[PDB]
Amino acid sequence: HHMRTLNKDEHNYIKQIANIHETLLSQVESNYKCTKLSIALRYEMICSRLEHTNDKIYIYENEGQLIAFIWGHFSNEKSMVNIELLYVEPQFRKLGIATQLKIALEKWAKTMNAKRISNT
């Protein structure tokens, strides 16, 4: 249905995620600013992550639009999953989508034999 695995060839969605990720980092104002270059590099970096086996992005989509997503990365050194990014479009908050996304990512973490997902 609406929640599904994001594939590495979904370039538009990956660009959108890259842009949101860089924006959110920039917004905390800790000697880090998003730029066109940082967004382009983030796009390549996410594509690279999705080519290997240590990362998972679950999206929530409707009518060809990205409503929400969660991105997890498994660290072989730490044997656990870190949540790289969890985002829900403001308009669609408090509908249970972040909770659903976390549950899905935790199930994925178990298939990797990961101790847990990120705290927050």
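One-based numbering along the sequence shown.
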Averaged over C-alpha atoms, is the B-factor higher for 111-119 or for 4-12 in this PDB entry?
-> 111-119
Chain thirds by Cα B factor, record data; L85 belongs to the highest
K33: CA B-factor among chain residues, third -> middle
Sorting the chain's modelled residues by C-alpha B-factor, tell me whether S75 ends up in the lowest, middle or highest third.
-> highest
How does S26 rank on Cα B-factor within its chain, lowest, middle or highest third?
-> lowest
Comparing against every modelled residue in the chain, figure out the third that the C-alpha B-factor of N62 lands in (lowest, middle or highest).
-> middle
